[PDB]
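In structure tokens, one chain follows: the form deposited in one PDB entry.
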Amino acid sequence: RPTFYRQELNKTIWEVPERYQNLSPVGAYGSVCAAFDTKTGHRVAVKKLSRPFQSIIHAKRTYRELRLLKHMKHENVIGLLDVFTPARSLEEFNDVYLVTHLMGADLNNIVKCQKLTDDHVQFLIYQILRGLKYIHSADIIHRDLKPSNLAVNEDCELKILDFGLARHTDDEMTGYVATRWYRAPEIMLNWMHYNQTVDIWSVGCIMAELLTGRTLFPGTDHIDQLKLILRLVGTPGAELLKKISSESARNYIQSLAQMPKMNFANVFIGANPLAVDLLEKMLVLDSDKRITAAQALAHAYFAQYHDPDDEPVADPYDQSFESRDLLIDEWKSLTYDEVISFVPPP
């Protein structure tokens, strides 16, 4: 066990190992401090979870986040540098701290403030798809891909962060909000179950924005956004309509005048024809027909970065706990076990 020291920063007590120095507050899930890690020499983000075991839903969400972060070991995905508690036994266990690499800019900071060449777009989207190939190979769905969840450094290197933990609420998705602008239309009103093709829709929305500098579907509400989407990609054809099982979806959809898919070369004026072709393969209304991450890596648009010997897959990830029903103390004890079994990376 390391030695811990205590301090109060903005009305919160932080009790952390001596290896973490120069804590500075940075920003409902918890409070975050930037710090210097004297073991690894990295600047890190230290998050103290708020009330991690207050309810069954909260205790299970704490376990979910910790299991997910412990699993991710990929250059283009946020990983777990450390996890700790000041408790010396399960019986006094109450607080959980998570440590990750500190992130400077996100893709928002860059999209708003840079002139991006086609070469910049190629490299940024290539890295998203390389990380997504890894995530999807473990049968994980991110669910919340958007520019503020992509970290980028001065060398244009990118990491995916902030996995959807089933945390976003109804009010968080209401109105003119970036929280919803990147979500696939078949899940915006829960007409279909979540599946990994929804992440590819989000990548298409991000790629379009990098190309034009503008949000692709900046809807003022769920319905306005659906209208923007259907104008670009068309209303459902007969083949897709056969597959639509939600009666709610069918009733409303059939009230809309039919529209053809638009010509993407007239929407994304001046873009590389290969980037237009890839966008057409991501932004397909029928999610069965969307390109996958593994398929997209072999698209000609990435010819200068694609290396099939350096695009690795993940160890299998056991998610059986998601269908399990336990008490608070049992979720809490499973979380304690994962804290004390953590082994740092090399």
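Don't overthink the numbering: it's just position in the shown sequence, from 1.
Unshown form deposited with a small molecule bound; subsequent notes refer to it.
Using a 4.5 Å cutoff between non-hydrogen atoms, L165 counts as a contact of the small molecule in the entry with it bound. Using a 4.5 angstroms threshold between heavy atoms, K47 counts as touching the small molecule in the entry with it bound.
Contact check for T100: a heavy atom falls within 4.5 Å of the small molecule in the entry with it bound.
Looking at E311, you'd find every heavy atom of it more than 4.5 angstroms from the small molecule in the entry with it bound.
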